[PDB]
Amino acid sequence: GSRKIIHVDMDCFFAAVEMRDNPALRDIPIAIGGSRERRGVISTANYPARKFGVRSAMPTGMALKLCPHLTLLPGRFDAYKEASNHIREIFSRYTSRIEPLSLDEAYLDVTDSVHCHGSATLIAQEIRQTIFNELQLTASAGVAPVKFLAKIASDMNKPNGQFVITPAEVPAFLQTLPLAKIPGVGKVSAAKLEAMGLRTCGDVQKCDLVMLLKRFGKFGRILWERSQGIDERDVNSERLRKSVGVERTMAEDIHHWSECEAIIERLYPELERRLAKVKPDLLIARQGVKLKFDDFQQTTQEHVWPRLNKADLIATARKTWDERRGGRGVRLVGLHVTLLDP
DNA sequence: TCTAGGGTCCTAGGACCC
DNA sequence: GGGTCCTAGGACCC
């Protein structure tokens, strides 16, 4: 058989919502991210900023060297959720097979759909419109017979465009496709693959699944499959959040437990408020804490626990702080909850 | 340039159980 | 010796 998978990807989503809601930002370089004195990184940038080299996940200090006139914005996450929910409702008009990946992204399985003569190509275009019409935002799409190829294709004609890969086109597409474009093949894995001569899927096809199972475990089976267009993963639509996390990185590092405890005191009510939205009685499976040090090493401590409790989180942080800070500065502290299994 | 905050899934050693 | 929990860490995603 053969499925029809759309990947929809809004363009510069947070920035596109800021330019819609304040046209004064349209053609000057803007970006959502913390200030440099807040030691932030960029979340998303508009195209005027990207012309300078401004990218997502870039430290804000670098973003600012590349683009000295960059306007920084702290983000209005209710204004990004209203559009995300709106957009997901537009998806529902065409199919209930919606696997959201983030506020700005979602997979759709439109095989069994019947809205544009089963043309996945025209369903996406109609979805890419509509969104434009009702939200004044643009989106790009990818159409393919499997998830990962649909996601790659959604990058091909960005912004405000789409790209279709048919099963006929798949082996051609795959032959020079760099491995790093595969979701789940990030910096580390790609550098390891490059150091064996493996750069593209074409190179992996010339490999043996047995030896790949040795060098990467069940990741090597994933590499093998993806390099041949194999992606059996189904658009899920039933996925539920499993954890809640609240952490902050301070403008200056902290070196005294009194400072750490003061941070937790501001963090705890925020975690309670967000947990209570999805669990009014605050009953959980595990809770825990996170410290990130001056040199960037990270440690987490968490344990089964039945119900959110501030004092046990302070307690846990005290133990981690004494037992593993070793004199270093601390740049972030976080609280964490693991939700009950349901 | 100096490195976020939401999250996901995988691995692996001991504990615990058979 | 074979089977799940617990926990910490890490790569990766947006």
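Atoms considered below: every heavy atom in the structure, side chains included; atoms not considered: hydrogens, waters and symmetry mates. The sequence lines fix the lettering, A, B, ..., with proteins before strands; numbering per chain opens at 1.
In this structure, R55(A) reaches neither bases nor backbone, as no heavy-atom distance under 4.0 Å exists between it and the strands shown. Contacts of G34(A) with the nucleic acid, taken as non-hydrogen atoms under 4.0 Å apart, are absent. Across all strands, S56(A) comes closer than 4.0 Å to no nucleic acid atom at all (heavy-atom distances).
Taking only side-chain atoms of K151(A), from C-beta outward, the nucleotide of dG5(B), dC13(C), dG7(B) with the closest atom is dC13(C). Nearest nucleotide to the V41(A) side chain, out of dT3(B), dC9(B), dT7(C): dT3(B).
With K310(A) as the partner, the side-chain contact (heavy atoms from CB on, under 4.5 Å) test is satisfied by one option alone out of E272(A), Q287(A), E265(A): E265(A).
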> For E270(A) and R266(A), what are the C-alpha separation, side-chain angles and deciding distance, and is it a salt bridge (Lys or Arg N to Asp or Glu O under 4.0 Å)?
Replying inline: CA-CA 7 Å; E270(A) 296 302 280; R266(A) 317 193 201 122; over 6 Å; no
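Here the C1' atom of nucleotide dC12(C) and the CZ atom of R226(A) are 14 Å apart, to the nearest Å. Here the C1' atom of nucleotide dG6(B) and the NZ atom of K242(A) are 16 Å apart, to the nearest Å. With rounding to whole Å, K181(A) atom NZ is found 15 Å from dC12(C) atom P. Straight-line distance from the CD atom of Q298(A) to the P atom of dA8(C): 12 Å, rounded to whole Å. For the pair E37(A) CD and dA4(B) P, the computed distance is 14 Å after rounding to whole Å. The CZ atom of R36(A) sits 16 Å away from the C1' atom of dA4(B) (whole-angstrom rounding).
The partner of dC2(B) is absent, by the rule that a Watson-Crick or G-U pair needs both atom distances under 3.5 Å. Base pairing annotation: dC18(B) forms a Watson-Crick or G-U wobble pair with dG1(C), both donor-acceptor distances under 3.5 Å.
With salt bridges taken as basic N to acidic carboxylate O contacts below 4.0 Å, one links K158(A) and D11(A). Taking 4.0 Å as the cut-off between side-chain N and carboxylate O, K292(A) and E247(A) do not count as a salt-bridged pair.
Lacking a ring centre under 5.5 Å from that of the base six-membered ring together with a plane angle below 30°, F219(A) does not count as stacked on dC10(B).
Atoms CD1 and CD1, from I165(A) and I5(A) in turn, are 12.5 Å apart once rounded to the nearest 0.5 Å.
Checking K218(A) against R248(A), the closest nucleotide of DNA chain B that is more toward the 5' end is the one next to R248(A).
The separation of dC12(C) from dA4(B), taken at their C1' atoms, amounts to 15 Å, rounded to a whole angstrom.
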